[PDB]
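Trainee:
Right, dumping it as structure tokens:
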């Protein structure tokens, strides 16, 4: 389920990963809550159900609409000082928000690929994730095989749509960013993981970039061994933007 | 409707299939179906703490107990009248399957399926995302789910640390003790673990013939993903030799 922690005038929106949920960022949310930040964790359409096909029925464009609805919802609550971050897939839409809304105070990305490219790692992870999730599912053995054996074709198409959305709507508008930008990146491979964050930093020369590589940690830095350092890094960054 | 172990009773040639960390016998059921077709007896036990409503059940167990599960499964086959036995494991299961082959020359063979016997890793995040999914559909209250999820990241790092120490000192250290033809399967597109780790295992088995296979187009879970049909034929060819 989505969460909404109401505390102080400083409001933070946290977006989760592809095939994830608001639980991707809940621990980070608690670290900000302890420092009296208002934090909101919306869930993307199609996510957090029993059926992985619910994700494939949605589109990347719709998830961008979810991002705008989350920002407007905070303003509807009276909050004017808001920052928005995203984990993995969430970071793309978080960047899209910062590009198109100069009133946003800041935010950034957590291991987010902001340039279209090979997504063959997310596709296989989704298959491994879905198969393991289905082991506790309500579905029958036949239903599980219907889902599991049809995913690769649908997942490649959807991740392809994510690539097209990123290039035409996000990468082309990186120069529109006006706020101090936070970049965090997980991955123990410098040639591959660290450069995805470096490419975004080098594409943001107009703005200060708070760059962090967690070299000993995996990609999902919000939940792995990097989460303690990431929480302190985001906490230090938030003091700059507010 | 949690998963249950399976036992397919057919012929004198018996195969034991062990499943992955935070998985279940459903990880290895499809492979069993192909082995059943060729008249093999197949047994798919479930590790202690697995296939429950509570992710803490997995975190409460130790590598020593799962190793004890492995011996009990072998003992279970022998009490049933099966003498000619081979044993395979998926991911974490492969570690204990190798440990058994080292200490029992009577076992005919077996091997590993995308098994990390060398650190060479997003495995911790995979467990956390899965546990979040179990808890999201669990019997626990919203407050309890948050209490559980906030302890997962540290406990998983500890358990994987204990798994690592067990593998290094008890299994990886005794690879030269293997006396049987050894099967190694690894997917080339493996997102979860370092794919080259399988080659390190192959080079650490010079005493025995190694039936090594790359599933270049596939992710980690080669037992259920797009490689499973080729994997099933490959172990089928290997089992006929031993």
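Chains as they are written, first to last, in the entry's author numbering: chain A, 7 to 248; chain B, 4 to 123, 126 to 247.
Quick reminder that beta carbons are idealized off the backbone N, C-alpha and C, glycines included.
(1) Please report how far the alpha carbon of residue 44 of chain A lies from the alpha carbon of residue 110 of chain A, in whole angstroms.
(2) For the beta strand (DSSP E) containing residue 232 of chain B, name the first residue and the last one.
(3) Answer with buried or exposed for residue 103 of chain B, where buried requires no fewer than 16 other C-beta atoms within 10 angstroms of its C-beta.
(4) So for residue 14 of chain B, helix, strand or coil by DSSP?
(5) Considering just the uninterrupted stretch of the alpha helix (DSSP H) at residue 96 of chain B, what are its terminal residues?
(6) Does the beta carbon of residue 119 of chain A come closer than 8 Å to any beta carbon on chain B?
(7) Counting C-beta neighbours from all protein chains within 10 Å, is the total for residue 53 of chain B 16 or more, i.e. buried, or is it exposed?
(8) Quick one: what does DSSP say residue 42 of chain A is sitting in, helix, strand or coil?
(9) For residue 200 of chain B, would you say it is in contact with chain A, using Cβ-to-Cβ distances shorter than 8 Å as the test?
(10) So residue 73 of chain B is in the alpha helix (DSSP H); what residue range does that whole segment cover?
(11) Just the Cα atoms here: how many angstroms apart are residue 89 of chain A and residue 140 of chain A?
(12) Would residue 53 of chain A count as contacting chain B if we go by Cβ distances under 8 Å?
(13) Which residues does DSSP pair with residue 217 of chain A in a beta bridge?
(14) Measure the Cβ-Cβ separation of residue 34 of chain B and residue 228 of chain B and say whether it is below 8 Å.
(15) Closer than 9 Å, Cβ to any Cβ of chain B: which residues of the segment 157-183 of chain A, in chain order?
(16) Does the structure place the segment 190-202 of chain A close enough to the segment 212-223 of chain A that three or more beta carbon pairs sit under 8 Å?
(17) Could you tell me how far apart the beta carbons of residue 185 of chain A and residue 247 of chain A are, in whole angstroms, since I believe they sit closer than 8 Å?
(18) Compare the C-beta of residue 146 of chain B against all C-beta atoms of chain A and say whether one is closer than 8 Å.
(19) To the nearest whole angstrom, what separates the beta carbons of residue 87 of chain B and residue 15 of chain B, a pair I think is in contact under 8 Å?
(20) So which residues of chain A does residue 25 of chain B contact, with C-beta pairs closer than 9 Å?
(21) Does the count of Cβ pairs from the segment 63-82 of chain B and the segment 166-177 of chain A closer than 8 Å reach three?
(22) Would residue 117 of chain A pass as a contact of residue 225 of chain A if the rule is Cβ separation under 8 Å?
(23) I want to verify the contact list: residues of chain B whose CB lies under 8 Å from the CB of residue 134 of chain A, in sequence order.
(24) Leaving aside the five residues before and after residue 172 of chain A along the sequence, list all residues of the same chain whose C-beta is less than 6 Å from its C-beta, in chain order.
(25) Write down the C-beta distance between residue 94 of chain B and residue 24 of chain B rounded to the nearest angstrom, noting that I regard them as a contact closer than 8 Å.
(26) Using Cβ-Cβ distances below 8 Å, what residues of the segment 34-45 of chain B are close to chain A?
(27) With DSSP as the reference, label residue 115 of chain A as helix, strand or coil.
(28) Only counting the same chain, and skipping five residues up and downstream in sequence, which positions put a Cβ closer than 7 Å to that of residue 157 of chain B?
(29) What do you reckon, is the C-beta of residue 180 of chain B under 7 Å from a heavy atom of the ligand NAP?
(30) Compute the distance between the beta-carbons of residue 112 of chain A and residue 100 of chain A, then report whether it is under 8 Å.
(31) How would you list, in chain order, the residues of chain A whose beta-carbon sits under 7 Å from the beta-carbon of residue 60 of chain B?
Mentor: According to the structure shown:
(1) 15 Å
(2) Secondary structure note for residue 232 of chain B: it is in no beta strand (DSSP E), with a DSSP letter that is neither H nor E.
(3) So residue 103 of chain B ends up on the buried side.
(4) coil
(5) Going by DSSP, residue 96 of chain B is part of the alpha helix (DSSP H) stretching over 95-106.
(6) no
(7) Flag for residue 53 of chain B reads buried.
(8) coil
(9) no
(10) 66-82
(11) Cα to Cα, residue 89 of chain A sits roughly 35 Å from residue 140 of chain A.
(12) Cβ-Cβ to chain B under 8 Å: no for residue 53 of chain A.
(13) Looking at the DSSP assignment, residue 217 of chain A forms a beta bridge with A:189.
(14) yes
(15) 158
(16) The segment 212-223 of chain A, when compared against the segment 190-202 of chain A, does touch it at the 8 Å Cβ threshold.
(17) 7 Å
(18) Output row for residue 146 of chain B: interface = no.
(19) 6 Å
(20) In chain order: 138.
(21) no
(22) yes
(23) 131, 196, 197, 224, 225, 226 and 230
(24) Closer than 6 Å at the Cβ level, and outside the excluded window around residue 172 of chain A, lie 98 and 122.
(25) 6 Å
(26) none
(27) strand
(28) 58, 133 and 136
(29) No copy of the ligand NAP occurs in the structure displayed, which carries no ligand at all.
(30) The beta carbons of residue 112 of chain A and residue 100 of chain A sit no closer together than 8 Å.
(31) Going along chain A, no residue has its Cβ under 7 Å from residue 60 of chain B, so there is no contact; the nearest lies around 13 Å.
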